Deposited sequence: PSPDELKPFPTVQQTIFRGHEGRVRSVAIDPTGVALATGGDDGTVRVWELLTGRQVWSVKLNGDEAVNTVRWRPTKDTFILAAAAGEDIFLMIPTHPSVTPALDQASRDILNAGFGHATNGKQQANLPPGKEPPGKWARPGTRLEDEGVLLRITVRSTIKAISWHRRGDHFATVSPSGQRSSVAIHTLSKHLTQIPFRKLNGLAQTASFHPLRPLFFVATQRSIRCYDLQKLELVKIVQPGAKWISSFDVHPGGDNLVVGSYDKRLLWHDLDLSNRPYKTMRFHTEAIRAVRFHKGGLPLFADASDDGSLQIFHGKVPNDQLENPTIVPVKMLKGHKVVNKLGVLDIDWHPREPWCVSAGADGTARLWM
């Protein structure tokens, strides 16, 4: 299979998002696919009109803390954005053309419904005025945020957390639990399952697959990487892609084996992020400190007996390498073969 026969996939840089001072750490396209959210070294969260690059809203969460990650509540009936800076998770309703009085009301309701593992509090007058309604405080700086698909639970991971490293938060109950205190090493990042009550936790050298309703552990995964940077779960639920600082990209077929079904090395520097397209397109991408994104075709067949078809289709260059850092995060549009990237160069970029 040649890249010609594998269209569509993004090939060119089409919009740049300028405004952050210093690095852009995180990117997240909203559930409806019209807005981008970014988090920065400058401690701002910014929301943008996706196609034009217009900044439409921003807020400074904390002057002294970098926003490490931004992730939307994955439900279209609200407009809720989660952002981590240092020790806190902030839940907010950005000011945006889609936020009608009704949509605003709905969103406020979801957040206020709840009214030390996690300390749930209102964030104070200045932040309340700008549309930030909750501040949740944990023990150790968050480096990752992952929502459950129904929007009532979100998980946060804190590498130096030691033993409150992984927290799971129930939005409706304003309640932070820290199960899974059992664990092998240092936690890097985590993720819920798209179709089942499973939960994945990535340590430095393995990915442990767990069960939520029952209790604890159904599977280990062994990428065989010296240090895992990131992973993402295929929408089908049966496959994983894993990135590493070791410059290797792994595809795991969870059924077939617990070690990589395929190994890809294309990057001359660390991989920082990976991401499956979630809307049905057979695409995924990774992002490296060499300043490039590699795009792959990744097709999971209907027939179980046959194996996934994995083919690289494009290398996306355009980000500037700044003090040996390149691309720090990536997201896909929910429906179209478009991706956005966060750069150390202070920009986010849209590719189509």
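*Asks:* Compare the deposited sequence with the modelled residues and state the ranges that are missing C-alpha positions.
*Replies:* Unobserved in coordinates, per deposited numbering: 116-132, one stretch.
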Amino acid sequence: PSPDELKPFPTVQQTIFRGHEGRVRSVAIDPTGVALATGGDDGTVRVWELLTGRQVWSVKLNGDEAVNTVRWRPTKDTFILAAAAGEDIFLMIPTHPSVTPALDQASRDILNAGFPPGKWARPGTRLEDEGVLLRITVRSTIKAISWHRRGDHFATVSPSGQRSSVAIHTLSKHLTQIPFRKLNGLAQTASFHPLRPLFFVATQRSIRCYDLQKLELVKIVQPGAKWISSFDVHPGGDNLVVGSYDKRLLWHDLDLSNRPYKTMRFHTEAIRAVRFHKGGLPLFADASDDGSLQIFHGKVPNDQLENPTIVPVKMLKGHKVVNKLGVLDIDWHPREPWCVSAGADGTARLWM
From here on, numbers count along this sequence of modelled residues.
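*Asks:* Comparing 275-283 with 261-269, which has the greater mean CA B-factor as deposited?
*Replies:* Result: 261-269.
*Asks:* Give the stretch, out of 26-34 and 317-325, with the larger mean C-alpha temperature factor in the deposited entry.
*Replies:* Higher of the two, by average CA B-factor, is 317-325.
*Asks:* Kindly indicate the residue among 149, 226, 96, 234 with the greatest C-alpha B-factor in the PDB record.
*Replies:* Reading the PDB entry, the winner on C-alpha B-factor is 226.
*Asks:* Can you tell me which of 81, 220, 249, 84 has the highest Cα temperature factor in the record?
*Replies:* Across 81, 220, 249, 84, the entry lists the biggest C-alpha B-factor for 220.
*Asks:* Lowest, middle or highest third: where is residue 305 by Cα B-factor in its chain?
*Replies:* It falls in the top third of the chain.
*Asks:* In terms of the chain's CA B-factor thirds, is residue 41 lowest, middle or highest?
*Replies:* According to the entry, residue 41 has a C-alpha B-factor in the chain's middle third.
*Asks:* What third of the chain, by the recorded C-alpha B-factor, contains residue 108?
*Replies:* Answer is middle: the recorded C-alpha B-factor places it there.
*Asks:* Ordered by C-alpha B-factor within the chain, which third holds residue 71? Give me lowest, middle or highest, please.
*Replies:* Bottom third by C-alpha B-factor.
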